[PDB]
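This report refers to the structure that appears directly beneath it.
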Amino acid sequence: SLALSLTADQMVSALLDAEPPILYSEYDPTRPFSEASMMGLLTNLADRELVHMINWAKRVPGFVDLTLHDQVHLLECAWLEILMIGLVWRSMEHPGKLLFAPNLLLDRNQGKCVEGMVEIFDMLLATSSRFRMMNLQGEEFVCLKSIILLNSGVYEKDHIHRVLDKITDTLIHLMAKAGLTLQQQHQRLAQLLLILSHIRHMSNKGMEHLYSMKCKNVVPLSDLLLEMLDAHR
Amino acid sequence: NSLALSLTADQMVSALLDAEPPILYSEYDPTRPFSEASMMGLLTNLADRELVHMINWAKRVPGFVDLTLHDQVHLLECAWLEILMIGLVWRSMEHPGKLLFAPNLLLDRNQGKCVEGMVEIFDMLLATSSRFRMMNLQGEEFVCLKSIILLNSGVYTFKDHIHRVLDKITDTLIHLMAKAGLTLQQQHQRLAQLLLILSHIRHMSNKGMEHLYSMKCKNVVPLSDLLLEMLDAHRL
Amino acid sequence: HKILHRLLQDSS
Amino acid sequence: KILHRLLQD
Ligand SMILES: O=c1oc2cc(O)ccc2c2oc3cc(O)ccc3c12
Ligand SMILES: O=c1oc2cc(O)ccc2c2oc3cc(O)ccc3c12
């Protein structure tokens, strides 16, 4: 594995370079928001984002060294988490709003159009506020997102934790470089990692919500999305 | 202003250790094997009794007392099963293949099969337990993580009191690891490793919460009113 | 009314 | 699975 020999600067560069694009939604502004249409927009966006996510994960240092079954397992567990932390990050400077896509900006009241969704919106919006108050940096976000990928399904595995330690080394390097004292560094590291607990909680909720919408037959789910959902069921 | 911010790391550790709840016992009925209802009955009865001790454990966690009643309720409602679980996982550490629900209730994975959907929960808990074992988790670290769960799990479902107290506990964890002789790199690496476990414990709680809800609907186990209200807070 | 309310006010 | 294909290709 050549991921263990990366300096923290190189780790950051690789992660930044591997970043997926910000996809647009198939939003038609003229079309009045129904539950089915809104859910259609969200799941269709997710579907196109998964493909970029797959190719992104392969460029996360260490992920390639894993076997195919393990690569599958990690993405199956963490995909909604990764979608969500991306959304939260994109929505940082849009208070009271979630930027699912540049053309799909939704506030709380619109989440009400889909039953059970607004509670998820509130949690996402609060995560976005948290990142904003912390002034989350781009370099930190990509470290966090990669952590999610390797951490969420980990419970060989020793290699996974070696890379995870590497990313912690990276986060700390970022913080030291921004001028934080040692105390501030470990404190910020903790604040950032404790966010991952709530992202997990949200994903668990969204996964259940997604499963209910499938059984509701409201939105046609893509075959890939239908398989990513059976991983948790 | 809270007395919690002026505590030293030593004083933080001592307060948390002194706050630890007792290890309660389960029924001494040696009738084996368990039925689904009897096993569920034991777990929920134990959980019911542990909740009472959890409550005044919480009120002895530095900073928690300075919270309004409503805010205290929100945190406990959000974290109570996590807190039960990390306690279970801690007690189970020296029992590699088993889960020590109580000193007289030591269950293996296979016994999880006596309750439907429980074996998957047993597996996650055991995996967390082995993880704590390999990391050589210390008691002083454990109590730090458990209080963190209390203060953190509900903090975003509501430069403020709780986060300042969370920062305090973080400082305490670092202090313990330095005192144990770890390098700086080793210190923040171990800190990270431990906090990431909390993500999994959160996951387990959500599985367990769903499983508890289903048994409630199955009407297999008579659930206490306290336990039902704690379950209602998560609202499925 | 809440049982949790009673436990917290009466904690020891 | 589909995820297996994309990861492999
Ligand atoms: O929370 C989310 O964040 C996202 C972020 C993206 O970049 C794309 C899609 C989603 C998305 O689709 C859903 C469907 C449900 O039934 C429930 C929750 C979500 C949800
Ligand atoms: O995971 C657990 O850890 C515990 C730890 C304790 O100290 C007491 C009780 C529990 C407990 O009761 C349950 C009921 C369910 O239907 C599913 C999971 C659990 C579960």
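Residue numbering restarts at 1 in every chain; chains get A, B, ... in the order shown in the structure tokens, and ligands count up from 1 in that same order.
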
Show me, as CSV, the residues of chain A having an atom within 10 Å of ligand 1, each with the closest atom pair and its distance in Å, using only C-alpha atoms and all ligand atoms.
residue,atom,partner,partner_atom_place_in_ligand_line,distance
A:22,CA,ligand 1,7 (O),8.6
A:23,CA,ligand 1,7 (O),8.3
A:24,CA,ligand 1,7 (O),9.7
A:25,CA,ligand 1,8 (C),9.3
A:38,CA,ligand 1,14 (C),9.3
A:39,CA,ligand 1,14 (C),6.4
A:40,CA,ligand 1,14 (C),8.8
A:41,CA,ligand 1,9 (C),8.3
A:42,CA,ligand 1,12 (O),4.6
A:43,CA,ligand 1,12 (O),5.2
A:44,CA,ligand 1,9 (C),7.8
A:45,CA,ligand 1,8 (C),5.3
A:46,CA,ligand 1,8 (C),4.2
A:47,CA,ligand 1,8 (C),8.0
A:48,CA,ligand 1,8 (C),8.8
A:49,CA,ligand 1,7 (O),6.8
A:50,CA,ligand 1,8 (C),8.9
A:79,CA,ligand 1,5 (C),9.9
A:80,CA,ligand 1,3 (O),6.9
A:81,CA,ligand 1,3 (O),8.2
A:82,CA,ligand 1,5 (C),8.2
A:83,CA,ligand 1,5 (C),4.5
A:84,CA,ligand 1,3 (O),4.5
A:85,CA,ligand 1,5 (C),7.8
A:86,CA,ligand 1,7 (O),6.2
A:87,CA,ligand 1,5 (C),4.9
A:88,CA,ligand 1,5 (C),8.1
A:89,CA,ligand 1,7 (O),9.9
A:90,CA,ligand 1,7 (O),8.8
A:98,CA,ligand 1,3 (O),8.9
A:99,CA,ligand 1,7 (O),8.2
A:100,CA,ligand 1,7 (O),5.2
A:101,CA,ligand 1,7 (O),7.1
A:111,CA,ligand 1,18 (C),9.9
A:114,CA,ligand 1,16 (O),8.5
A:115,CA,ligand 1,16 (O),9.3
A:116,CA,ligand 1,17 (C),8.3
A:117,CA,ligand 1,17 (C),6.2
A:118,CA,ligand 1,18 (C),9.5
A:119,CA,ligand 1,18 (C),9.8
A:120,CA,ligand 1,1 (O),6.5
A:121,CA,ligand 1,1 (O),7.1
A:123,CA,ligand 1,1 (O),9.1
A:124,CA,ligand 1,1 (O),7.1
A:199,CA,ligand 1,1 (O),9.7
A:202,CA,ligand 1,1 (O),7.3
A:203,CA,ligand 1,1 (O),7.2
A:204,CA,ligand 1,18 (C),9.7
A:205,CA,ligand 1,17 (C),7.6
A:206,CA,ligand 1,17 (C),4.2
A:207,CA,ligand 1,17 (C),6.6
A:208,CA,ligand 1,16 (O),7.7
A:209,CA,ligand 1,16 (O),4.6
A:210,CA,ligand 1,16 (O),3.5
A:211,CA,ligand 1,16 (O),7.2
A:212,CA,ligand 1,16 (O),7.4
A:213,CA,ligand 1,16 (O),6.0
A:214,CA,ligand 1,16 (O),8.4
A:219,CA,ligand 1,16 (O),9.2

For the selection just defined, write its residues with C-alpha atoms to a file, as a PDB file, in the first residue's frame.
ATOM      1  CA  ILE A  22     -21.666  19.172  -8.139  1.00  0.00           C
ATOM      2  CA  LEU A  23     -24.454  17.579 -10.158  1.00  0.00           C
ATOM      3  CA  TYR A  24     -27.584  19.409 -11.261  1.00  0.00           C
ATOM      4  CA  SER A  25     -31.120  18.208 -10.591  1.00  0.00           C
ATOM      5  CA  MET A  38     -39.903  15.915  -5.015  1.00  0.00           C
ATOM      6  CA  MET A  39     -38.943  12.367  -4.037  1.00  0.00           C
ATOM      7  CA  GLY A  40     -38.266  11.693  -7.709  1.00  0.00           C
ATOM      8  CA  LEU A  41     -35.859  14.627  -7.829  1.00  0.00           C
ATOM      9  CA  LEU A  42     -34.005  13.514  -4.694  1.00  0.00           C
ATOM     10  CA  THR A  43     -33.606   9.857  -5.642  1.00  0.00           C
ATOM     11  CA  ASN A  44     -32.733  10.641  -9.266  1.00  0.00           C
ATOM     12  CA  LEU A  45     -30.028  12.995  -8.028  1.00  0.00           C
ATOM     13  CA  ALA A  46     -28.738  10.360  -5.614  1.00  0.00           C
ATOM     14  CA  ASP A  47     -28.632   7.798  -8.425  1.00  0.00           C
ATOM     15  CA  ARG A  48     -26.388   9.978 -10.593  1.00  0.00           C
ATOM     16  CA  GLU A  49     -24.293  10.909  -7.545  1.00  0.00           C
ATOM     17  CA  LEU A  50     -23.644   7.275  -6.636  1.00  0.00           C
ATOM     18  CA  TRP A  79     -23.309   5.925   0.780  1.00  0.00           C
ATOM     19  CA  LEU A  80     -26.175   7.929   2.307  1.00  0.00           C
ATOM     20  CA  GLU A  81     -23.807   9.342   4.943  1.00  0.00           C
ATOM     21  CA  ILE A  82     -21.509  10.513   2.153  1.00  0.00           C
ATOM     22  CA  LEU A  83     -24.428  11.989   0.200  1.00  0.00           C
ATOM     23  CA  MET A  84     -25.567  13.788   3.339  1.00  0.00           C
ATOM     24  CA  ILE A  85     -22.243  15.283   4.425  1.00  0.00           C
ATOM     25  CA  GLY A  86     -21.888  16.488   0.843  1.00  0.00           C
ATOM     26  CA  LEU A  87     -25.308  18.135   0.985  1.00  0.00           C
ATOM     27  CA  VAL A  88     -24.601  19.702   4.368  1.00  0.00           C
ATOM     28  CA  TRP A  89     -21.287  21.054   3.049  1.00  0.00           C
ATOM     29  CA  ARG A  90     -22.906  22.524  -0.084  1.00  0.00           C
ATOM     30  CA  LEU A  98     -30.469  22.689   1.720  1.00  0.00           C
ATOM     31  CA  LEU A  99     -28.680  22.913  -1.634  1.00  0.00           C
ATOM     32  CA  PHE A 100     -29.382  19.437  -3.014  1.00  0.00           C
ATOM     33  CA  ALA A 101     -28.258  20.872  -6.354  1.00  0.00           C
ATOM     34  CA  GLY A 111     -39.656  19.301   3.101  1.00  0.00           C
ATOM     35  CA  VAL A 114     -43.006  14.783   1.692  1.00  0.00           C
ATOM     36  CA  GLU A 115     -44.240  13.063   4.856  1.00  0.00           C
ATOM     37  CA  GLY A 116     -41.570  12.294   7.445  1.00  0.00           C
ATOM     38  CA  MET A 117     -39.025  14.334   5.511  1.00  0.00           C
ATOM     39  CA  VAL A 118     -39.056  17.617   7.435  1.00  0.00           C
ATOM     40  CA  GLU A 119     -37.575  15.975  10.541  1.00  0.00           C
ATOM     41  CA  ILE A 120     -34.677  14.864   8.355  1.00  0.00           C
ATOM     42  CA  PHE A 121     -34.410  18.377   6.895  1.00  0.00           C
ATOM     43  CA  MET A 123     -31.304  17.519  11.312  1.00  0.00           C
ATOM     44  CA  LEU A 124     -29.516  18.316   8.051  1.00  0.00           C
ATOM     45  CA  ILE A 199     -24.488  12.055  10.323  1.00  0.00           C
ATOM     46  CA  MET A 202     -29.428  10.953  10.019  1.00  0.00           C
ATOM     47  CA  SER A 203     -28.421   8.216   7.575  1.00  0.00           C
ATOM     48  CA  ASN A 204     -30.197   5.590   9.685  1.00  0.00           C
ATOM     49  CA  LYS A 205     -33.305   7.776   9.577  1.00  0.00           C
ATOM     50  CA  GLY A 206     -33.065   8.543   5.871  1.00  0.00           C
ATOM     51  CA  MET A 207     -32.509   4.872   5.099  1.00  0.00           C
ATOM     52  CA  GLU A 208     -35.716   3.944   6.923  1.00  0.00           C
ATOM     53  CA  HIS A 209     -37.505   6.835   5.219  1.00  0.00           C
ATOM     54  CA  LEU A 210     -36.260   5.676   1.824  1.00  0.00           C
ATOM     55  CA  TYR A 211     -37.427   2.133   2.542  1.00  0.00           C
ATOM     56  CA  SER A 212     -40.906   3.418   3.411  1.00  0.00           C
ATOM     57  CA  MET A 213     -41.142   5.409   0.177  1.00  0.00           C
ATOM     58  CA  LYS A 214     -40.276   2.272  -1.785  1.00  0.00           C
ATOM     59  CA  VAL A 219     -41.124   7.180  -6.480  1.00  0.00           C
TER      60      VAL A 219
END

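Within range 1-117 of chain A, DSSP applied to the backbone places the following residues in strand (DSSP E or B): residues 97, 98, 99, 100, 101, 104, 105, 106 and 107 of chain A.
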
Which residues of chain A come within 8 Å of chain B, and what is each one's closest atom pair and distance in Å (one decimal), counting only C-alpha atoms, sorted by chain and residue number, as JSON lines?
{"residue": "A:122", "atom": "CA", "partner": "B:157", "partner_atom": "CA", "distance": 7.9}
{"residue": "A:123", "atom": "CA", "partner": "B:157", "partner_atom": "CA", "distance": 6.5}
{"residue": "A:126", "atom": "CA", "partner": "B:156", "partner_atom": "CA", "distance": 6.1}
{"residue": "A:127", "atom": "CA", "partner": "B:156", "partner_atom": "CA", "distance": 7.1}
{"residue": "A:151", "atom": "CA", "partner": "B:196", "partner_atom": "CA", "distance": 7.3}
{"residue": "A:152", "atom": "CA", "partner": "B:200", "partner_atom": "CA", "distance": 7.2}
{"residue": "A:155", "atom": "CA", "partner": "B:127", "partner_atom": "CA", "distance": 6.4}
{"residue": "A:165", "atom": "CA", "partner": "B:189", "partner_atom": "CA", "distance": 5.6}
{"residue": "A:168", "atom": "CA", "partner": "B:189", "partner_atom": "CA", "distance": 6.2}
{"residue": "A:169", "atom": "CA", "partner": "B:185", "partner_atom": "CA", "distance": 7.2}
{"residue": "A:183", "atom": "CA", "partner": "B:171", "partner_atom": "CA", "distance": 7.2}
{"residue": "A:186", "atom": "CA", "partner": "B:188", "partner_atom": "CA", "distance": 6.5}
{"residue": "A:187", "atom": "CA", "partner": "B:167", "partner_atom": "CA", "distance": 5.7}
{"residue": "A:189", "atom": "CA", "partner": "B:192", "partner_atom": "CA", "distance": 7.5}
{"residue": "A:190", "atom": "CA", "partner": "B:170", "partner_atom": "CA", "distance": 6.8}
{"residue": "A:191", "atom": "CA", "partner": "B:167", "partner_atom": "CA", "distance": 7.9}
{"residue": "A:193", "atom": "CA", "partner": "B:195", "partner_atom": "CA", "distance": 6.4}
{"residue": "A:194", "atom": "CA", "partner": "B:195", "partner_atom": "CA", "distance": 6.6}
{"residue": "A:196", "atom": "CA", "partner": "B:199", "partner_atom": "CA", "distance": 6.2}
{"residue": "A:197", "atom": "CA", "partner": "B:199", "partner_atom": "CA", "distance": 4.3}
{"residue": "A:198", "atom": "CA", "partner": "B:153", "partner_atom": "CA", "distance": 7.1}
{"residue": "A:200", "atom": "CA", "partner": "B:199", "partner_atom": "CA", "distance": 6.3}
{"residue": "A:201", "atom": "CA", "partner": "B:202", "partner_atom": "CA", "distance": 6.5}
{"residue": "A:204", "atom": "CA", "partner": "B:206", "partner_atom": "CA", "distance": 7.0}

| task | Select residues of chain D: the criterion is any atom within 7 Å of an atom of chain A, counting only C-alpha atoms; output as a ChimeraX atom specification. | result | /D:2-4,7

| field | chain D: residues DSSP assigns to helix (DSSP H, G or I), reported as JSON, numbers by chain | value | {"D": [2, 3, 4, 5, 6, 7, 8]}

| field | Site check for ligand 2: residues at most 8 Å away, only C-alpha atoms and all ligand atoms, as a PyMOL selection string | value | chain B and resi 40+43-48+50+81+84-88+101-102+118+121-122+125+204-205+207-215

With N, CA, C and O atoms kept, could you save the residues just selected as a short mmCIF file (atom, residue, chain, number, x, y, z; two decimals), in the first residue's frame?
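That gives us part28.cif:
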data_model
loop_
_atom_site.label_atom_id
_atom_site.label_comp_id
_atom_site.auth_asym_id
_atom_site.auth_seq_id
_atom_site.Cartn_x
_atom_site.Cartn_y
_atom_site.Cartn_z
N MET B 40 -36.41 -11.33 26.42
CA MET B 40 -36.80 -9.94 26.24
C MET B 40 -37.26 -9.33 27.55
O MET B 40 -36.98 -8.18 27.85
N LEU B 43 -34.14 -8.47 29.62
CA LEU B 43 -33.39 -7.33 29.11
C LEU B 43 -34.09 -6.00 29.39
O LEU B 43 -33.44 -5.01 29.73
N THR B 44 -35.40 -5.99 29.23
CA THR B 44 -36.17 -4.77 29.41
C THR B 44 -36.39 -4.46 30.89
O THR B 44 -36.43 -3.29 31.29
N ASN B 45 -36.52 -5.50 31.71
CA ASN B 45 -36.58 -5.33 33.16
C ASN B 45 -35.28 -4.74 33.68
O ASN B 45 -35.28 -3.79 34.46
N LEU B 46 -34.16 -5.31 33.23
CA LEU B 46 -32.84 -4.78 33.58
C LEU B 46 -32.67 -3.34 33.10
O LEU B 46 -32.16 -2.49 33.84
N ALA B 47 -33.09 -3.08 31.87
CA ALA B 47 -32.98 -1.74 31.28
C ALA B 47 -33.80 -0.73 32.06
O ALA B 47 -33.38 0.40 32.28
N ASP B 48 -34.99 -1.16 32.48
CA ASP B 48 -35.88 -0.33 33.28
C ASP B 48 -35.22 0.11 34.59
O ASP B 48 -35.29 1.27 34.98
N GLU B 50 -31.92 0.01 35.33
CA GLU B 50 -30.68 0.76 35.05
C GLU B 50 -30.95 2.22 34.71
O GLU B 50 -30.10 3.08 34.94
N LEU B 81 -30.28 4.61 25.24
CA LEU B 81 -29.95 3.27 24.78
C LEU B 81 -28.47 3.16 24.41
O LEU B 81 -27.84 2.13 24.62
N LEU B 84 -26.77 2.66 27.72
CA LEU B 84 -26.94 1.28 28.16
C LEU B 84 -26.01 0.35 27.39
O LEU B 84 -25.44 -0.58 27.94
N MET B 85 -25.87 0.62 26.10
CA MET B 85 -25.09 -0.24 25.22
C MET B 85 -23.59 -0.15 25.48
O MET B 85 -22.92 -1.18 25.56
N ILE B 86 -23.06 1.06 25.62
CA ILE B 86 -21.63 1.21 25.85
C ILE B 86 -21.27 0.67 27.24
O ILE B 86 -20.14 0.24 27.46
N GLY B 87 -22.23 0.68 28.15
CA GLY B 87 -22.03 0.10 29.47
C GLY B 87 -21.92 -1.41 29.34
O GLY B 87 -21.03 -2.03 29.92
N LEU B 88 -22.84 -1.99 28.57
CA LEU B 88 -22.85 -3.42 28.30
C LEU B 88 -21.55 -3.87 27.64
O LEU B 88 -20.97 -4.89 28.01
N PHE B 101 -24.74 -8.80 30.30
CA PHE B 101 -25.87 -7.92 30.62
C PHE B 101 -25.90 -7.67 32.12
O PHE B 101 -26.13 -6.55 32.58
N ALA B 102 -25.65 -8.73 32.88
CA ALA B 102 -25.56 -8.69 34.33
C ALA B 102 -24.59 -9.79 34.77
O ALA B 102 -24.33 -10.70 33.99
N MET B 118 -32.43 -10.25 16.98
CA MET B 118 -31.55 -9.89 18.09
C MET B 118 -30.10 -10.30 17.82
O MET B 118 -29.17 -9.65 18.30
N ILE B 121 -27.92 -7.72 16.43
CA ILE B 121 -27.57 -6.72 17.42
C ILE B 121 -26.45 -7.25 18.32
O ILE B 121 -25.52 -6.52 18.65
N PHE B 122 -26.56 -8.52 18.70
CA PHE B 122 -25.51 -9.19 19.47
C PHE B 122 -24.16 -9.08 18.77
O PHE B 122 -23.14 -8.78 19.40
N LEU B 125 -22.65 -5.53 18.93
CA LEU B 125 -22.21 -5.28 20.30
C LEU B 125 -20.92 -6.03 20.62
O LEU B 125 -19.99 -5.45 21.19
N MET B 204 -25.84 1.16 16.38
CA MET B 204 -26.40 0.05 17.16
C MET B 204 -27.66 0.47 17.90
O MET B 204 -28.65 -0.27 17.93
N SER B 205 -27.62 1.66 18.49
CA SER B 205 -28.77 2.20 19.21
C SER B 205 -29.99 2.32 18.31
O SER B 205 -31.10 2.00 18.72
N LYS B 207 -30.60 0.59 15.60
CA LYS B 207 -31.07 -0.76 15.34
C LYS B 207 -31.86 -1.28 16.54
O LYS B 207 -32.97 -1.79 16.40
N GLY B 208 -31.28 -1.12 17.73
CA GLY B 208 -31.91 -1.56 18.96
C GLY B 208 -33.22 -0.85 19.23
O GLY B 208 -34.18 -1.47 19.70
N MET B 209 -33.27 0.44 18.94
CA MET B 209 -34.48 1.23 19.14
C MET B 209 -35.60 0.71 18.25
O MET B 209 -36.75 0.59 18.68
N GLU B 210 -35.26 0.39 17.00
CA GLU B 210 -36.22 -0.18 16.06
C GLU B 210 -36.68 -1.56 16.52
O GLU B 210 -37.86 -1.89 16.43
N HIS B 211 -35.74 -2.36 17.01
CA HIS B 211 -36.04 -3.71 17.48
C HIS B 211 -36.96 -3.67 18.70
O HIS B 211 -37.86 -4.50 18.83
N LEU B 212 -36.71 -2.72 19.59
CA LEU B 212 -37.52 -2.55 20.79
C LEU B 212 -38.95 -2.16 20.43
O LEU B 212 -39.91 -2.65 21.03
N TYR B 213 -39.07 -1.28 19.44
CA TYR B 213 -40.37 -0.83 18.94
C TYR B 213 -41.18 -1.99 18.39
O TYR B 213 -42.39 -2.06 18.58
N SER B 214 -40.50 -2.90 17.69
CA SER B 214 -41.16 -4.04 17.07
C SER B 214 -41.69 -5.03 18.11
O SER B 214 -42.77 -5.59 17.94
N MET B 215 -40.92 -5.23 19.18
CA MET B 215 -41.34 -6.10 20.27
C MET B 215 -42.51 -5.47 21.02
O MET B 215 -43.36 -6.17 21.57
#

| said: List the spatial neighbours of range 10-12 of chain C as a list in words - criterion: any atom at most 10 Å away, only C-alpha atoms, same-chain residues fewer than 3 positions off excluded. | reply: residues 52, 53, 54, 55, 56, 57, 58, 59 and 60 of chain B; 4, 5, 6 and 7 of chain C

Please produce an output containing N, CA, C and O atoms for each residue in the selection, written as a PDB file, in the first residue's frame.
ATOM      1  N   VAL B  52     -33.101   4.281  36.036  1.00  0.00           N
ATOM      2  CA  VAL B  52     -33.202   5.042  37.277  1.00  0.00           C
ATOM      3  C   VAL B  52     -31.827   5.467  37.788  1.00  0.00           C
ATOM      4  O   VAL B  52     -31.641   6.606  38.218  1.00  0.00           O
ATOM      5  N   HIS B  53     -30.863   4.553  37.731  1.00  0.00           N
ATOM      6  CA  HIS B  53     -29.503   4.864  38.161  1.00  0.00           C
ATOM      7  C   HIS B  53     -28.788   5.754  37.148  1.00  0.00           C
ATOM      8  O   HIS B  53     -27.937   6.566  37.513  1.00  0.00           O
ATOM      9  N   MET B  54     -29.137   5.596  35.874  1.00  0.00           N
ATOM     10  CA  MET B  54     -28.571   6.430  34.821  1.00  0.00           C
ATOM     11  C   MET B  54     -28.903   7.895  35.072  1.00  0.00           C
ATOM     12  O   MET B  54     -28.062   8.775  34.898  1.00  0.00           O
ATOM     13  N   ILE B  55     -30.133   8.136  35.509  1.00  0.00           N
ATOM     14  CA  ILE B  55     -30.648   9.486  35.707  1.00  0.00           C
ATOM     15  C   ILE B  55     -29.808  10.305  36.691  1.00  0.00           C
ATOM     16  O   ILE B  55     -29.451  11.446  36.401  1.00  0.00           O
ATOM     17  N   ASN B  56     -29.487   9.731  37.847  1.00  0.00           N
ATOM     18  CA  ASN B  56     -28.670  10.450  38.820  1.00  0.00           C
ATOM     19  C   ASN B  56     -27.173  10.311  38.545  1.00  0.00           C
ATOM     20  O   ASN B  56     -26.359  11.024  39.133  1.00  0.00           O
ATOM     21  N   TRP B  57     -26.805   9.399  37.649  1.00  0.00           N
ATOM     22  CA  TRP B  57     -25.450   9.403  37.112  1.00  0.00           C
ATOM     23  C   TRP B  57     -25.280  10.651  36.264  1.00  0.00           C
ATOM     24  O   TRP B  57     -24.293  11.378  36.390  1.00  0.00           O
ATOM     25  N   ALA B  58     -26.269  10.890  35.406  1.00  0.00           N
ATOM     26  CA  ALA B  58     -26.285  12.055  34.528  1.00  0.00           C
ATOM     27  C   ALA B  58     -26.204  13.354  35.319  1.00  0.00           C
ATOM     28  O   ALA B  58     -25.476  14.269  34.944  1.00  0.00           O
ATOM     29  N   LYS B  59     -26.940  13.424  36.420  1.00  0.00           N
ATOM     30  CA  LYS B  59     -26.997  14.642  37.216  1.00  0.00           C
ATOM     31  C   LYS B  59     -25.683  14.872  37.963  1.00  0.00           C
ATOM     32  O   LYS B  59     -25.470  15.930  38.550  1.00  0.00           O
ATOM     33  N   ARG B  60     -24.793  13.883  37.912  1.00  0.00           N
ATOM     34  CA  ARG B  60     -23.474  14.010  38.529  1.00  0.00           C
ATOM     35  C   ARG B  60     -22.374  14.178  37.486  1.00  0.00           C
ATOM     36  O   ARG B  60     -21.194  14.297  37.832  1.00  0.00           O
TER      37      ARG B  60
ATOM     38  N   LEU C   4     -39.748  10.628  33.426  1.00  0.00           N
ATOM     39  CA  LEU C   4     -38.392  11.175  33.346  1.00  0.00           C
ATOM     40  C   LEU C   4     -38.273  12.495  34.113  1.00  0.00           C
ATOM     41  O   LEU C   4     -37.248  12.766  34.741  1.00  0.00           O
ATOM     42  N   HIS C   5     -39.328  13.304  34.069  1.00  0.00           N
ATOM     43  CA  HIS C   5     -39.367  14.539  34.841  1.00  0.00           C
ATOM     44  C   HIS C   5     -39.225  14.259  36.337  1.00  0.00           C
ATOM     45  O   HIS C   5     -38.456  14.922  37.019  1.00  0.00           O
ATOM     46  N   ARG C   6     -39.952  13.264  36.836  1.00  0.00           N
ATOM     47  CA  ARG C   6     -39.911  12.935  38.259  1.00  0.00           C
ATOM     48  C   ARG C   6     -38.531  12.432  38.692  1.00  0.00           C
ATOM     49  O   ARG C   6     -38.011  12.841  39.730  1.00  0.00           O
ATOM     50  N   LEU C   7     -37.944  11.551  37.887  1.00  0.00           N
ATOM     51  CA  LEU C   7     -36.637  10.969  38.190  1.00  0.00           C
ATOM     52  C   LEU C   7     -35.557  12.040  38.319  1.00  0.00           C
ATOM     53  O   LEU C   7     -34.693  11.960  39.195  1.00  0.00           O
TER      54      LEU C   7
END

| said: Can you work out which residues from chain B touch chain C at a cut-off of 12 Å (counting only C-alpha atoms) and hand them back as an NGL selection string? | reply: :B and (19 or 21 or 48-49 or 51-60 or 64-65 or 67-77 or 80 or 224-233)

| query | What gap, in Å, lies between CA of residue 136 in chain B and CA of residue 16 in chain B? | reply | 19.3 Å

| said: Could you tell me how far CA of residue 125 in chain A sits from CA of residue 167 in chain A, in Å to one decimal place? | reply: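 Straight-line distance from CA of residue 167 in chain A to CA of residue 125 in chain A works out to 26.3 Å.
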